[PDB]
Structure formats: structure tokens, C-alpha cells
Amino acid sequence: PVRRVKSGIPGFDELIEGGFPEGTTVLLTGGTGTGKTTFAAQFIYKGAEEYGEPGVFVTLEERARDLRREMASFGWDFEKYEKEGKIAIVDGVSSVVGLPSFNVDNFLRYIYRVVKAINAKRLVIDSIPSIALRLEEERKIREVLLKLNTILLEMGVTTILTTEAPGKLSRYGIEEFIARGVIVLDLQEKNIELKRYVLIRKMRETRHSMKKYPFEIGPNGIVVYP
């Protein structure tokens, strides 16, 4: 009887039999501006606020203060849950408060330390391209992804990793090999208007819907519709 992590996104859990199987790494993929960051933030924020599960949002796309400001526009008070120790933001430039002190191995050690310090049940790495673009050699993302996979398996948290391609499921062709779930966010062209769609392409241990579902990014975040 699989334990399920509620996504935090109204309309979504019903597509995946109540939520993500505990312990799954989910690849959230889509083009620029399809809602990846938002959807990942909602997962962590709602995890903490509605379901009381601590979460770590790792970002190399922006700084922590950018994410707090941006998510405030949905009414989400990240800093409130940070002071309560239910959320940490790892950007790192700024060390998480209370957890002081591109280098891949330090990075991964530090995410592991922070997951363990708050007893995180939820984790986001936004994004894989943000990591890759910071390496000496962008194609070593291959070796970095295999190191990440090893620490995800050890930590056993429920994780969203984001990646970005416009055919291709992912940017590098590798990201999907370390994920047991895949969610696509898209903007379809019809006919002078782009509407947002989500599709669950893959989800382990789950008889998930295989249909495209409309969605909106509203004043209170993502809502998925019939």
C-alpha cells in the first residue's frame, strides 16, 4: 500500500492516485516559462504550510531573496516557514541560517546536510541546466547526474528535479535516466493564444492518467482543471 506525498497543486493528485509515491525522483520538464519553478515551489511551500512536511528548495537559477520575493506574489511567505525551520532555501551563495559553511561535491554534501538537519521529506533542485552551465565542461553533467542519483537514493526523500527543452524530453538526454516519474509542462499554440497543459508521461507504482490537462497559473499558484 504505497505511501503518497500530496503535491500541493489543486487538481493534480487525482491524476496520480492521491500523490507521488514516497521516495520518488520526479523530472519536471518543459520550455522556458511553462511553470516549472512555480510548480516546484508550490510543492515545497504547500508541503510545509498545508501538510507540515519540511522541504528543501535548492536553486542555482536565482538567489534565495529573488525566490521569496517572486513567490510572495502568490501569497506564499517562504521566510515565515524558514524561521520555523520547515523550509530551507539553498542558493548557495547564502548559507542556510543555522547551517554555516563551481564545486560539485561540496554542493551535494551541503544539500545532504541540509536535508538531514531539517528532517526534510521534500526536495527540489531547480534546475539541472543551471548546474550544468556552471561546470568547467557542460557535458560533465553526465557524471554529475550519476553522483546526484547516488545521494537521492540514500536520502530517500520525494524529489522534483527541473530541466528545460522546447521531440526531446530533456535538455541533455540523461536527466530521465535518474527519475522514476516524468511530468511535462507545455504551452500549446491555438490559434493566436498559448494555453498551458500538464501531462504525466511516467510515474512509477501508479496507474496515472495519460491525458493532457489544461492549467493556469493564478493569484494563488497553479490550478489544474478537468
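Start at 1 with the first residue shown and count on from there.
**Q** How many residues that are in the deposited sequence but not in the model lie between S101 and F102: none, 1 to 3, 4 to 9, or 10 or more?
**A** Per the record, 4 to 9 deposited residues are absent between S101 and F102.
**Q** Would you mind checking whether any residues of the deposited sequence sit unmodelled between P166 and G167, and how many (none, 1 to 3, 4 to 9, 10 or more)?
**A** The entry has a gap there, with 4 to 9 residues left out between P166 and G167.
**Q** Is the mean CA B factor in the deposited entry higher across 122 to 130 or across 84 to 92?
**A** Stretch with the higher mean C-alpha B-factor: 84 to 92.
**Q** Comparing average C-alpha B factors as deposited, tell me which of 45 to 53 and 176 to 184 sits higher.
**A** The deposited B-factors put 45 to 53 ahead on the C-alpha mean.
**Q** Comparing recorded Cα B-factors across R68, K36, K190, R171, which one is largest?
**A** Of the candidates given, the C-alpha B-factor peaks at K190.
**Q** If you rank the chain by CA B-factor, which third does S209 end up in: lowest, middle or highest?
**A** Highest third of the chain for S209's C-alpha B-factor.
**Q** Rank-wise, by C-alpha B-factor, drop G11 into the lowest, middle or highest third of its chain.
**A** Ranked within chain, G11 CA B lands in the middle tercile.
**Q** Relative to the other modelled residues of the same chain, rank the CA B-factor of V157 and answer lowest, middle or highest third.
**A** Ranked within chain, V157 CA B lands in the middle tercile.
**Q** Compare the C-alpha B factor of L60 with those of the other modelled residues in its chain, then answer lowest, middle or highest third.
**A** CA B-factor rank for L60: middle third.
**Q** Where does the C-alpha B-factor of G23 rank in its chain, lowest, middle or highest third?
**A** CA B-factor rank for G23: lowest third.
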